[PDB]
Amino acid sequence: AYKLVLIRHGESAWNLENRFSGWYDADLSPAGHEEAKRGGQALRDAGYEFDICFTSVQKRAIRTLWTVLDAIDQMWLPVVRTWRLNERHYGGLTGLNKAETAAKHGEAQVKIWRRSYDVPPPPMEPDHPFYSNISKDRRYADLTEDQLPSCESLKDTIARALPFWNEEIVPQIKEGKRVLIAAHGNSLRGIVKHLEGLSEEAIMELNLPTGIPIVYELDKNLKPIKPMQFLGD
């Protein structure tokens, strides 16, 4: 019965300003850092061991992983980073707060986005304040023109995250390697929806806790044998 472990990073610096970060590379707030320390301790106390870790190219996820590996004394483990585990690309809303967003786009469009699985946000246009910061970052230089989003619905995020699951994480699990994935709410949502065969409405209702190891027990077909469980007190 394979064991798989997910962890979602905690509060960021832009949460403290209630700003949409998306692909903006906000660091953890001091408290999000503390959350990751606690998640680490909870894996230490339970005696968890891994053989390989996956994360995004965003530092709130990476620092969460680093904190956990420090806590469980497995700093030596192989680490693989991919943009395909990044947060959902919130396009033109990147950097705005909720008030600014409602003023610019309307309460109507806002409710549509909050409820919808396949309606993207506005694209990040070249005049956007963070257009260069994100879409001209080196770390994305290898992506083709069609892979680099200017915005993403949840469906888009999941559609680009699941190829990485199948391509690099599934082979490790098949070999018996114990996997730890440190990433973001929306990419992990993709993983959860695929593992559990959830519906659109279901996954959009699922909200993953932060800083808490999420444990999956998988059968030989990598199908969950029971619902996800959490680690801690």
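Residue numbers run from 1 along the displayed sequence. Between two forms, the rigid core is the largest collection of C-alphas that superpose within 1.5 Å.
Self-check item: Higher C-alpha RMS shift from the shown form in 9 other deposited structures of this protein - 95-103 or 130-138, rigid core fit
Solution: Stretch with the larger root mean square C-alpha distance in 9 other deposited structures of this protein: 95-103.
Exercise. Quick one: core-superposed, which stretch strays further from the shown model in 9 other deposited structures of this protein, 67-75 or 113-121? Go by RMS C-alpha distance.
Key: When 113-121 and 67-75 are compared in 9 other deposited structures of this protein, 113-121 lies farther out.
Self-check item: Higher-scoring stretch by recorded Cα B factor average, 138-146 or 79-87
Solution: So the stretch with the higher mean C-alpha B-factor is 138-146.
Quiz item: Looking at the deposited entry, does 223-231 or 2-10 carry the larger mean Cα B-factor?
Solution: Between 2-10 and 223-231, it is 223-231 that shows the higher mean C-alpha B-factor.
Exercise. Kindly indicate the residue among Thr64, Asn166, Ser29, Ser56 with the greatest C-alpha B-factor in the PDB record.
Key: Within the set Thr64, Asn166, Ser29, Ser56, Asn166 shows the top C-alpha B-factor.
Exercise. Taking the values exactly as deposited, rank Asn133 by C-alpha B-factor within its chain and report the matching third: lowest, middle or highest.
Key: Middle third, going by the recorded CA B-factors of the chain.
Practice problem: Would you please rank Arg60 by its C-alpha temperature factor against the other modelled residues of its chain and give the third it falls in: lowest, middle or highest? | Solution: According to the entry, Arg60 has a C-alpha B-factor in the chain's lowest third.
Quiz prompt | For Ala103, the third of its chain into which the C-alpha B factor falls | solution = As the PDB entry reports it, the C-alpha B-factor of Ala103 lands in the highest third of its chain.
Quiz prompt | Third of chain Cα B-factors occupied by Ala202 | solution = Within its chain, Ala202 is a highest-third residue by C-alpha B-factor, going by the deposited values.
Exercise. Just say lowest, middle or highest third for the CA B-factor of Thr157 relative to the other modelled residues in its chain.
Key: Middle third.
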